[PDB]
Amino acid sequence: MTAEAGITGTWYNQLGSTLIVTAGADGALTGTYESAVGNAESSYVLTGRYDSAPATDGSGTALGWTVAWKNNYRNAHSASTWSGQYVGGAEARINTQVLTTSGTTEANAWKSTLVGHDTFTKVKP
């Protein structure tokens with residue numbers, strides 16, 4: 001029932017976006033993020049961390065990851081970070097909150113960062 005085993009694979013958000021992630025035995029998250037819209041276009045590299053020895057008292061597993069919105073096809077001069085927890089079981093979820101910062105002048109820094117939320121499931125919407 002390990003968090004390593006549970007997190008590794010493909011997840012889909014409410015908006016249709018696809019997360020493909022491998023959770024390493026010692027806390028690494030690596031993979032890609034594709035489709036719908038943070039500020040997207042094809043696949044982007046994703047990296048993060050998770051608690052590889054979580055509590056076994058029914059608590060979720062803390063994690064986070066980052067995508068910089070630059071690949072071979074697009075550069076949005078922005079990066080998003082998702083912070084959340086994985087909940088296992090038949091109805092598994094990654095529940096997140098997400099910050100998206102765009103590069104700005106000092107003057108526009110006040111409007112540099114968006115906040116949203118993303119819920120990921122194992123099955124498509």
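Counting neighbours? That spans all protein chains shown, and the Cβs are built from the backbone with ideal geometry, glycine included. Quick note: the coordinates plus some simple rules give every number you see, no bench work behind them.
Worth pointing out:
- Under the convention that each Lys and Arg Cβ holds +1 and each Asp and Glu Cβ holds -1, the size of the dipole of the chain around its Cα centre is about 300 debye.
- Taking other C-beta atoms within 10 angstrom as a stand-in for reagent exposure, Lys111, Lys70 fall in the order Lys111, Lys70, fewest first.
- Relative pair counts by distance (%), Cα atoms of the chain, 10 Å bins: 13, 45, 30, 10, 2
- For the chain, built as a Gaussian network whose Cα springs stay under 10 Å, the top-fluctuating residue of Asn39, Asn72, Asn13: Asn72
- The fewest-to-most ranking of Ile20, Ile7, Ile94 by surrounding Cβ atoms within 10 Å reads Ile20, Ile7, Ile94.
- Adding -39500 (n - 2.57) for every DSSP H run of four residues or longer, then dividing by how many residues the chain holds, sets the calculated 222 nm ellipticity at -1000 deg cm²/dmol.
- Signed unit charges on C-beta, dipole axis of the chain, positive-most listed residue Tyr44, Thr30, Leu19: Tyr44
- Spin-label pair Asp26/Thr104, simplified geometry with 7 Å Cα→Cβ offset, distance in nm: 3.9
- With 0.36 nm allotted per residue and the present C-alpha distance subtracted, the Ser42-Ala55 stretch has 1.1 nm of extension available.
- Between the stretch 1-66 and the stretch 87-114, the alpha-carbon centres lie 14 Å apart.
- Computed on the stretch 27-93, the Cα convex hull volume stands at 87 Å³ per residue.
- Once C-alpha pairs closer than 8 Å and six or more residues apart are averaged by separation and normalised to the residue number of the chain, the relative contact order reads 21 percent.
- Candidates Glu106, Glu34, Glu91: whichever shows maximal mean-square fluctuation once the chain is modelled as a Gaussian network with Cα springs under 10 Å: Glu106
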